[PDB]
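Q: Below you'll find the structure I mean.
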Amino acid sequence: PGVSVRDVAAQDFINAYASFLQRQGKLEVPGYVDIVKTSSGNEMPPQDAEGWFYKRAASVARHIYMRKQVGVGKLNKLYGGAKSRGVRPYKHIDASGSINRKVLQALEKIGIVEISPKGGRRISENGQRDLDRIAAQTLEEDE
Amino acid sequence: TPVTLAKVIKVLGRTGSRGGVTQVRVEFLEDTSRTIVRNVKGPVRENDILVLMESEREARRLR
Amino acid sequence: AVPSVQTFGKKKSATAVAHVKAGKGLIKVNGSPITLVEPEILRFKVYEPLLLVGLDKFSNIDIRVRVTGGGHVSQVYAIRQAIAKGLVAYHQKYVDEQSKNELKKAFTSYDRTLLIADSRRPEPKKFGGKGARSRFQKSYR
Amino acid sequence: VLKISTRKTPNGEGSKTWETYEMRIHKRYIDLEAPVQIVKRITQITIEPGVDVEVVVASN
Amino acid sequence: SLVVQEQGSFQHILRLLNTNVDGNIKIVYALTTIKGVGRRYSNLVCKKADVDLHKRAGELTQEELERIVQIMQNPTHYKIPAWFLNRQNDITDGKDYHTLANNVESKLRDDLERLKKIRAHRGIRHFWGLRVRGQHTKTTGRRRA
Amino acid sequence: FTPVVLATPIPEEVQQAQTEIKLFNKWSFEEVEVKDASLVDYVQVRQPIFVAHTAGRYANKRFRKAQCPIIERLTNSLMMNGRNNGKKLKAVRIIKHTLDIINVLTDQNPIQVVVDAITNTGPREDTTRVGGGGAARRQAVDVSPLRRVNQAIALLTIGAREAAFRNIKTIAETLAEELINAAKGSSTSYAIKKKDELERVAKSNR
Amino acid sequence: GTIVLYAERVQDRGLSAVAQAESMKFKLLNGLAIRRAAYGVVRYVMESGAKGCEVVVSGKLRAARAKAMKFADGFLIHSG
Amino acid sequence: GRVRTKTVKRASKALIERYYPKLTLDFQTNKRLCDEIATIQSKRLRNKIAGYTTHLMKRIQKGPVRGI
Amino acid sequence: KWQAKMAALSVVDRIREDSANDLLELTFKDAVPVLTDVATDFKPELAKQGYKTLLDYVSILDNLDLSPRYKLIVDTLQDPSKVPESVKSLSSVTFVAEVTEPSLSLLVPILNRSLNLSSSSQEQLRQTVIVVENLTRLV
Amino acid sequence: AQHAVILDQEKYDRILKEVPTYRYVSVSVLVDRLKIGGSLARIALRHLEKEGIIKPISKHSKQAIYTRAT
RNA sequence: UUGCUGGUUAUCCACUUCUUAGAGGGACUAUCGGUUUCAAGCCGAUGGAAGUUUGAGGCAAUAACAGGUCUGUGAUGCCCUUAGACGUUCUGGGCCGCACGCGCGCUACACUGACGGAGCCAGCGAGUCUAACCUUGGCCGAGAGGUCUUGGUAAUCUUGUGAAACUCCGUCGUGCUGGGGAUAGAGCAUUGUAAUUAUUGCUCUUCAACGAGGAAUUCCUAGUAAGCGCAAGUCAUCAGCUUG
Numbered sequence: 002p003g004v005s006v007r008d009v010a011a012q013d014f015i016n017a018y019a020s021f022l023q024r025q026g027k028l029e030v031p032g033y034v035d036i037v038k039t040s041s042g043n044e045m046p047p048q049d050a051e052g053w054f055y056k057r058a059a060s061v062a063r064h065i066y067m068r069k070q071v072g073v074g075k076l077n078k079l080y081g082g083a084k085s086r087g088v089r090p091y092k093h094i095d096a097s098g099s100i101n102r103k104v105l106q107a108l109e110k111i112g113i114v115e116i117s118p119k120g121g122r123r124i125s126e127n128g129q130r131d132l133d134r135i136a137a138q139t140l141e142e143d144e
Numbered sequence: 005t006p007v008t009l010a011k012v013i014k015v016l017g018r019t020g021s022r023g024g025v026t027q028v029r030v031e032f033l034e035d036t037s038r039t040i041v042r043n044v045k046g047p048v049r050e051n052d053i054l055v056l057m058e059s060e061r062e063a064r065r066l067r
Numbered sequence: 003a004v005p006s007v008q009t010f011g012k013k014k015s016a017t018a019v020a021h022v023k024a025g026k027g028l029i030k031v032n033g034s035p036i037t038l039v040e041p042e043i044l045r046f047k048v049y050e051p052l053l054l055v056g057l058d059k060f061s062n063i064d065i066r067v068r069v070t071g072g073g074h075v076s077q078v079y080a081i082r083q084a085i086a087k088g089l090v091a092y093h094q095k096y097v098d099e100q101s102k103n104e105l106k107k108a109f110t111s112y113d114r115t116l117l118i119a120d121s122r123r124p125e126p127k128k129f130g131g132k133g134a135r136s137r138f139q140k141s142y143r
Numbered sequence: 062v063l064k065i066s067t068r069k070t071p072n073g074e075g076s077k078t079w080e081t082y083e084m085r086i087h088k089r090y091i092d093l094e095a096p097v098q099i100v101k102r103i104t105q106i107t108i109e110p111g112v113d114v115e116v117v118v119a120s121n
Numbered sequence: 002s003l004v005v006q007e008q009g010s011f012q013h014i015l016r017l018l019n020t021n022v023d024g025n026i027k028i029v030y031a032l033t034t035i036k037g038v039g040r041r042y043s044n045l046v047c048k049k050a051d052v053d054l055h056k057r058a059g060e061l062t063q064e065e066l067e068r069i070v071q072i073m074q075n076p077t078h079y080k081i082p083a084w085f086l087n088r089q090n091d092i093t094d095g096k097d098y099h100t101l102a103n104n105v106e107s108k109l110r111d112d113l114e115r116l117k118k119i120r121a122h123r124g125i126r127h128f129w130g131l132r133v134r135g136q137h138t139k140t141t142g143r144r145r146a
Numbered sequence: 020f021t022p023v024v025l026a027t028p029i030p031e032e033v034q035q036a037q038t039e040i041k042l043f044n045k046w047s048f049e050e051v052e053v054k055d056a057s058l059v060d061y062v063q064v065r066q067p068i069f070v071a072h073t074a075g076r077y078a079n080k081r082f083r084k085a086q087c088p089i090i091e092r093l094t095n096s097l098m099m100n101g102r103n104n105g106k107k108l109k110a111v112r113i114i115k116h117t118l119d120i121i122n123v124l125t126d127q128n129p130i131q132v133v134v135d136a137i138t139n140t141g142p143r144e145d146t147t148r149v150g151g152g153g154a155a156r157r158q159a160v161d162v163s164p165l166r167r168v169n170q171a172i173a174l175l176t177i178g179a180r181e182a183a184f185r186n187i188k189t190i191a192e193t194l195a196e197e198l199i200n201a202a203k204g205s206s207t208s209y210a211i212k213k214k215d216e217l218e219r220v221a222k223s224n225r
Numbered sequence: 082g083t084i085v086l087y088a089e090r091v092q093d094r095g096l097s098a099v100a101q102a103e104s105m106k107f108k109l110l111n112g113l114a115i116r117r118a119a120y121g122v123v124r125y126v127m128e129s130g131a132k133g134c135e136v137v138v139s140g141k142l143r144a145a146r147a148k149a150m151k152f153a154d155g156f157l158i159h160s161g
Numbered sequence: 002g003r004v005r006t007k008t009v010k011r012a013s014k015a016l017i018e019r020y021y022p023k024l025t026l027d028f029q030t031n032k033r034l035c036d037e038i039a040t041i042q043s044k045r046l047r048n049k050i051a052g053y054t055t056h057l058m059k060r061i062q063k064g065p066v067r068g069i
Numbered sequence: 280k281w282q283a284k285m286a287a288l289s290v291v292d293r294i295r296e297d298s299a300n301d302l303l304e305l306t307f308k309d310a311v312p313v314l315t316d317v318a319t320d321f322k323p324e325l326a327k328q329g330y331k332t333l334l335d336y337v338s339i340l341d342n343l344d345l346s347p348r349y350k351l352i353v354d355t356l357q358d359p360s361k362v363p364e365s366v367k368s369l370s371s372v373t374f375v376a377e378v379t380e381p382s383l384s385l386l387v388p389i390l391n392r393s394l395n396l397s398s399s400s401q402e403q404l405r406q407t408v409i410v411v412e413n414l415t416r417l418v
Numbered sequence: 036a037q038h039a040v041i042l043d044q045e046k047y048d049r050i051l052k053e054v055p056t057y058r059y060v061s062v063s064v065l066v067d068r069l070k071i072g073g074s075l076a077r078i079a080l081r082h083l084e085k086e087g088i089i090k091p092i093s094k095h096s097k098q099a100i101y102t103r104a105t
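If you read the protein sequences in the order shown, they are chains BU, Bd, BR, BV, BT, BG, BE, BS, Bi and Ba.
Residues in the first sequence are numbered from 2 upward in steps of one, following the deposited numbering.
Residues in the second sequence are numbered from 5 upward in steps of one, following the deposited numbering.
Residues in the third sequence are numbered from 3 upward in steps of one, following the deposited numbering.
Residues in the fourth sequence are numbered from 62 upward in steps of one, following the deposited numbering.
Residues in the fifth sequence are numbered from 2 upward in steps of one, following the deposited numbering.
Residues in the sixth sequence are numbered from 20 upward in steps of one, following the deposited numbering.
Residues in the seventh sequence are numbered from 82 upward in steps of one, following the deposited numbering.
Residues in the eighth sequence are numbered from 2 upward in steps of one, following the deposited numbering.
Residues in the ninth sequence are numbered from 280 upward in steps of one, following the deposited numbering.
Residues in the tenth sequence are numbered from 36 upward in steps of one, following the deposited numbering.
Written out as structure tokens, the structure is:
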């Protein structure tokens with residue numbers, strides 16, 4: 002067969018890889034987890050406070066698997082939603098940049114992602130290896 | 005409760021002041037060959053079947 | 003070179019190009035199988051080619067569709083037009099004319115614009131209103 | 062298409078009518094491999110009132 | 002998740018920070034009826050005090066409530082950094098406070114007199130009862146008096 | 020039933036249904052038929068569909084609206100009260116859960132329940148405001164069956180909208196109890212109430 | 082040295098609106114009566130093989146109230 | 002409304018009045034004859050004049066048409 | 280691949296069967312974290328065999344102080360949901376024996392988990408800091 | 036707050052005894068029996084599918100649908 | 001076991017379906033039927049990318065309005081002023097001032113929802129020569145933002161503008177509630193010669209009326225109404241506006 006992460010539904014993969022990153026422990030969580038808001042266009046911190054950084058880290062690892070490279074700013078544009086500006090109409094507001102950069106450095110520290118040429122960060126060989134491996138495992142779990 | 009069915013055989017035109025009522029000639033489904041003229045409310049065309057809740061009141065024109 | 007065709011399908015600004023070649027029967031959308039098309043209500047909207055006509059006739063051909071433009075809904079109509087038109091073009095060029103007629107007859111007998119592009123495009127808006135037809139609210143003092 | 066949208070009126074009276082002027086600008090480019098004489102010949106010639114020609118060398 | 006047996010340790014309306022808190026609502030949003038603490042402050046305080054957020058506020062054994070009060074009114078000691086506070090860099094201490102319940106209105110009134118004694122324009126405008134932040138007052142604010 | 024295995028594996032339930040019989044989300048379309056004469060040709064079961072979404076041009080001609088499959092036409096009337104204009108995927112979710120609730124309560128194939136609710140809620144007699152000398156006396160008129168289907172769908176979905184608003188029931192459940200209680204028309208529903216109010220006013224003013 | 086001005090006599094010089102309009106303006110500044118000057122322009126344009134001419138003069142002319150006179154000949158289109 | 006103006010009708014009339022052979026009943030060939038023997042400054046007006054010549058052929062070939 | 284890792288786990292169980300324990304305690308110190316990484320692999324068969332290998336490999340350790348503890352300890356080395364449970368049970372052990380390289384090497388990953396986790400309570404951070412202080416002053 | 040929230044002892048027996056006989060059961064129905072808020076209705080819906088009592092027929096959040104087991 | 005998914009502004013070859021834009025084609029209500037002074041036409045079906053003038057515009061007659069503009073003009077007559085100026089410039093204020101009435105709007109009154117993760121999809125644009133514009137990427141910061149470089153005078157780079165509603169999984173559970181975010185306080189930044197009469201952005205706190213709106217009244221017939229954001233105009237900064 003041969004299973005890519007493209008052969009798995011997105012939330013299934015992100016739950017599997019985020020639970021794996023949870024369990025295994027090679028974390029480097031920033032420390033201002035559970036004080037931080039993940040955007041300025043938000044209202045509350047993430048409801049899955051014991052966690053949620055592995056969720057974003059897993060989604061970022063899937064997101065660099067599917068592209069040539071992404072920097073910090075494209076992740077800030079991606080993960081930032083609409084901001085209720087009070088009584089004024091809504092607007093797109095980018096997310097928190099320190100969150101995404103420490104996601105990228107926390108993944109880069111565990112060998113998943115490497116700083117590529119032409120700017121940005123790429124998926125590396127030991128990232129593709131592990132992501133395709135757990136994609137095959139996620140499709141295996143539903144046998 | 006006497007229900008009745010009647011087939012639209014000839015739409016005669018539009019009446020009512022604002023124009024939403026339709027003058028329709030209808031021939032009865034059960035016990036046919038007896039045709040009457042009714043005023044229908046919505047969009048009607050021929051070969052429909054109206055439901056006539058009371059069968060004997062032949063309407064002519066609305067103002 | 004395998005006997006291969008390329009087609010496309012459109013909706014409002016979404017276009018989807020399909021490459022249909024000879025193969026073992028894989029249907030892919032952007033790299034991913036057709037069972038991963040989500041908004042996930044309109045999944046059975048994109049299955050409609052693959053089973054208006056039998057799930058065979060896709061046994062021996064490989065379809066790869068790439069979508070661009072539009073949004074999450076109009077892309078699904080683009081890709082089902084792409085799969086349908088690609089299958090009838092592959093049957094036109096390589097199988098025969100009669101089987102191409104049978105596929106086109108089945109699709110046209112269903113026809114959620116399966117073979118023909120939806121001709122609707124957005125109207126240009128005008129001054130004095132927020133839309134094409136609408137106007138601003140006036141006051142009459 | 063360069064579009065400039067302006068009101069029709071110099072004052073502010075009247076129903077608000079708008080006017081979209083536009084200037085179309087078309088570009089082309091031809092890559093040739095020409096000897097420097099034939100470069101000079103084709104670069105000086107083909108002048109026209111209203112066409113702008115810009116000739117560069119060194120495709121690196 | 003899972004159902005729990007939960008004998009009668011649950012209590013309704015409970016008194017802390019000199020006010021009442023509805024025990025029938027979740028703790029993070031039940032603490033916001035105290036003045037001076039909102040949704041974000043109560044979320045972070047109930048994280049720093051090691052409280053399960055899936056608890057109703059009446060569950061809440063008194064060690065957790067004592068931790069909540071202690072962190073709530075000593076917040077720089079418990080690493081609620083500086084910018085999460087509503088009385089930073091005060092005007093007399095230069096330390097950062099967090100004005101809680103029957104104090105916060107007091108500090109607002111204190112703030113107002115500190116303008117109004119000094120006769121700065123914001124104070125004169127507060128004492129007339131007009132709009133202060135430079136709003137247009139021709140068309141809006143017509144039933145507030 | 021002879022499933023086929025091809026290189027992107029299509030699941031056996033998808034082949035199970037969709038190849039042989041072109042049934043719904045999953046509910047049949049051989050049986051149910053309309054139990055009323057005309058209101059045939061204006062309720063459009065058979066042609067069957069797979070999902071209740073279709074970008075169908077049924078608006079540019081006077082009676083092409085009747086060719087819309089009755090589930091999609093009820094789906095289209097769900098997306099209103101302003102904030103929900105557009106949003107047809109929400110509407111397909113509401114219809115999907117409404118049909119499945121209707122299969123739970125009164126087992127009874129839900130497209131029969133929906134079609135019988137349309138036939139039992141469209142007013143057979145209505146009233147029109149003719150002039151008659153200024154203080155406009157109201158005259159009673161009959162109705163066309165397209166108007167009966169129109170008004171039945173509006174009465175059902177406005178009853179579900181008013182019923183699901185500001186109470187713990189979701190709108191699939193208020194659509195479910197509205198469609199059930201209108202199906203074997205129990206006159207506790209909003210639609211049977213409004214229909215018989217319209218007929219008693221037209222009965223008073225004939 | 083990088084910009085070259087060239088005169089050119091325009092040809093069939095009655096069929097230009099600018100030449101006839103500044104001609105008419107000079108004939109009026111010198112003080113011709115208005116009907117005479119406009120008919121001179123319109124007849125000299127129709128002599129030059131036009132398809133039509135319109136000369137519209139707005140303003141106050143010896144009265145306090147402003148009027149306009151449209152002296153025309155031939156056929157002119159207006160739309161498209 | 003598909004009422005055709007006097008431009009289309011008078012040019013169609015004049016095309017039949019001097020070219021009645023050459024001017025068959027098919028639209029796609031009268032479309033080329035109005036390209037050859039007439040000078041029409043647009044494609045749309047050419048198709049309209051060609052369609053009306055085909056129409057008047059269709060009602061000439063079942064008896065006369067008053068005027069032509 | 281996971282089959283090669285199953286083979287390496289089988290030959291690690293072969294070596295743990297073969298060689299003596301006092302010689303095996305250096306490799307205990309070296310080999311706790313890698314078998315932790317294997318018992319935390321996503322593949323469940325590799326996870327079960329990496330758990331069983333770790334269980335036998337700590338079961339060869341001659342410690343009467345931590346003898347009933349072992350089944351929980353590698354369980355704590357399996358999933359860090361048990362790290363809030365593990366420190367409170369690690370407190371209730373009468374440490375009468377000297378804690379050399381493997382007896383501390385089986386312990387300190389649990390303490391590092393209770394330190395680095397955001398899920399751990401201030402009570403558990405306090406308990407873990409007290410444990411690492413008395414464990415540095417215990418040797 | 037209107038006698039609808041917390042966990043109380045008799046309601047465990049009332050859920051294990053009276054969620055059987057319910058033809059259609061969901062969040063709103065476990066609320067609507069003059070009883071539980073929707074939060075513990077959701078908790079009890081996951082718990083009654085954990086063993087025994089209800090079959091899910093339809094999954095998706097914001098509309099739970101469950102039926103009596105057989 | 002052939003295979004599957006990727007990377008590499010040139011490692012080459014071929015192609016032009018998708019994209020672009022030159023030249024052309026195509027629809028004329030074609031064909032058939034009905035109906036009609038059997039004329040102009042109208043109505044239905046088939047074929048078609050297209051069958052409302054195919055959709056939307058641009059241009060748009062005569063005669064007028066004591067319509068608006070002397071505050072667009074070095075368009076301009078007559079009157080007024082012209083050195084203690086009605087010219088020009090500088091400083092500070094005002095055009096924002098608030099018992100009230102009216103008009104265009106924005107945000108809401110919630111569960112067809114709010115919040116939190118996750119999915120992840122456009123189109124029209126516009127951008128730095130005597131200059132500091134659009135800004136990717138890397139580090140710092142909760143954020144707003146800061147700093148070092150890079151690409152672009154632009155189908156090349158910003159930019160696939162990874163837009164928003166939406167979709168999935170959850171927390172909330174009908175409670176002026178976690179709907180709503182007005183008002184007011186404190187703090188940090190950015191633009192600017194200068195921010196107080198708070199320019200604006202961000203963080204914490206404060207948590208108002210509003211439970212679908214009386215008489216009245218506006219806009220709208222299909223990719224239209226409505227929801228939803230994005231770009232441009234203005235712009236050192238500021239959009240709840242307009243143009244698309």
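Each residue gets a CB set at the ideal place from its N, CA and C atoms; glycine is no exception.
(1) Name the residue from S21(Bd), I53(Bd) and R67(Bd) whose alpha carbon lies nearest to the alpha carbon of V28(Bd).
(2) At a Cβ cut of 9 Å, what residues of the segment 102–129 of chain BG count as close to chain BR, listed as they run along the chain?
(3) Determine, for residue 107(Ba), whether the minimum Cβ-Cβ distance to residues of chain BT falls below 7 Å.
(4) Give the residues from the segment 187–219 of chain BG that approach chain Ba closer than 7 Å (Cβ to any Cβ), ordered along the chain.
(5) State the Cα-Cα distance for the pair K96(BT) and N90(BT), rounded to the nearest angstrom.
A: The structure says:
(1) Residue numbering aside, residue 28(Bd) sits at position 24 when the second sequence is read from its first letter. Closest by alpha carbon: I53(Bd).
(2) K107, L108, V111, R112 and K115
(3) Residue 107(Ba) lies beyond the stretch modelled for chain Ba, which goes from 36 to 105, so this question has no answer here.
(4) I187, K188, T189, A191 and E192
(5) Taking the fifth sequence and counting its residues from 1, one reaches residue 96(BT) at position 95. Taking the fifth sequence and counting its residues from 1, one reaches residue 90(BT) at position 89. In a straight line, the C-alpha of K96(BT) is about 5 Å away from that of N90(BT).
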